[PDB]
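One-letter residues, chain by chain:
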Amino acid sequence: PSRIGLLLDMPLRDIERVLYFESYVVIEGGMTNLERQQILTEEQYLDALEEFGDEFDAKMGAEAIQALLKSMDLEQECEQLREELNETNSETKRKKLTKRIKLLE
DNA sequence: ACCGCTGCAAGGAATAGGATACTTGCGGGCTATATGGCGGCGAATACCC
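Quick notes on the rules
- Residues numbered from 1 in each chain as written, not as in the entry; some residues may be left out.
- Chains lettered and ligands numbered in written order.
- Part of a larger assembly, values for the part shown.
- Heavy atoms only, no water.
- Residues with missing side-chain atoms left out of burial classes, pairs and counts.
- Buried < 20%, exposed > 50% of the residue type's maximum accessible area, 1.4 Å probe, protein only.
- Helix = DSSP H or I, 4+ residues; strand = E, 2+ residues; numbered from the N terminus.
- Arc of directions from axis to C-beta.
- Contact = heavy atoms within 4.5 Å.
- Core = buried A, V, L, I, M, F, W, Y, C linked by side-chain atoms within 4.5 Å.
- Pairing = 2+ DSSP bridges.

Asks: So what's going on with helix α4 (residues 62-70)? Which residues, and what values?
Replies: Buried residues of α4: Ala-64, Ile-65 and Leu-68, and no others. The arc that holds the buried residues of α4, viewed along the axis, is 100 degrees, so those residues lie on one side. Along α4, the residues that are exposed and aim more than 90 degrees away from the buried face are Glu-63 and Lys-70. For α4, the secondary structure elements touched by its buried residues are α2 (12-19), β1 (24-26) and β3 (58-59).

Asks: Kindly report on the nonpolar core, identifying the contributing residues and their values.
Replies: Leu-8, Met-10, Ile-15, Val-18, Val-25, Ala-64, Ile-65 and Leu-68 together form the largest nonpolar core, which totals eight residues. Elements with a minimum of two residues in this core: α2 and α4. Ignoring any residue separated from it by four or fewer positions in sequence, one finds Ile-15 in contact with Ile-4, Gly-5, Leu-8, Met-10 and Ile-65. Formed by five residues, the second largest nonpolar core is a distinct cluster that contains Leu-34, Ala-48, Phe-56 and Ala-58.

Asks: Requested: an account of unusual backbone geometry, with residues and values cited.
Replies: At the junction of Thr-88 and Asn-89, the peptide bond is cis and its omega measures out at 15 degrees in the coordinates. Along the polypeptide, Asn-89 turns up in the loop between α5 (74-85) and α6 (93-104). Phi is positive for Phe-21, close to 55 degrees, though the residue is something other than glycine. With respect to the helices and strands, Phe-21 occurs in the loop between α2 and β1. If you check the backbone angles, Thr-88 has positive phi at about 60 degrees while not being a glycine. Structurally, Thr-88 is set in the loop between α5 and α6.

Asks: Just give me the short version of the sheet that holds β1, but keep the residues and values in it.
Replies: The three strands are arranged β2-β1-β3 in an open sheet whose pairing can be described as antiparallel. Edge positions in the sheet fall to β2 (39-40) and β3, since each of these pairs with one other strand and no more. Relative to β2, β1 is paired through two bridges, and the arrangement is antiparallel. Bridge pairing in β2 links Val-25 to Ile-39.

Asks: Can you lay out the environment of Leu-68 for me, pointing to particular residues and giving the numbers?
Replies: Following the sequence through the fold, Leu-68 ends up in helix α4. Overall, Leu-68 belongs to the buried group, its relative accessible area being 4%. Placed 60 residues apart in sequence, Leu-68 and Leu-8 show a C-alpha to C-alpha distance of 8.4 Å. Once residues within four sequence positions are removed from consideration, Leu-68 is found in contact with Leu-8, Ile-27, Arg-36 and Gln-37.

So this is what it looks like as structure tokens:
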């Protein structure tokens, strides 16, 4: 498994695309339609910034990954994930959240 | 005390011979598209509920 992939909890395909400069990823993406870490195609990024030339940041590549990682709190995420793992559901999400919590702790 | 003369250079036709500009191949010096191997296993999709 890829430690980045499941620490940040993003499918490895999308990090593969981002880290070789063929897409865009939002960093904070607040005060707008976008979420924390949506992926964008080049044209999608151009269109989004056109309609939303406000301050939402969407970077491209290693710098974006670094900012996204450095912009996270570990133990708080651990609390949220253990609360969610409390139940709903112990079928495969049980295994997934146990692994992610193991890495985070 | 004036002049036509001789004579002494300047520019044409025929030969030998070195200097010297020109040409060339190199030697080292440098930079920058496969197609007869399986087996196990675990993660990542697919699927049809």
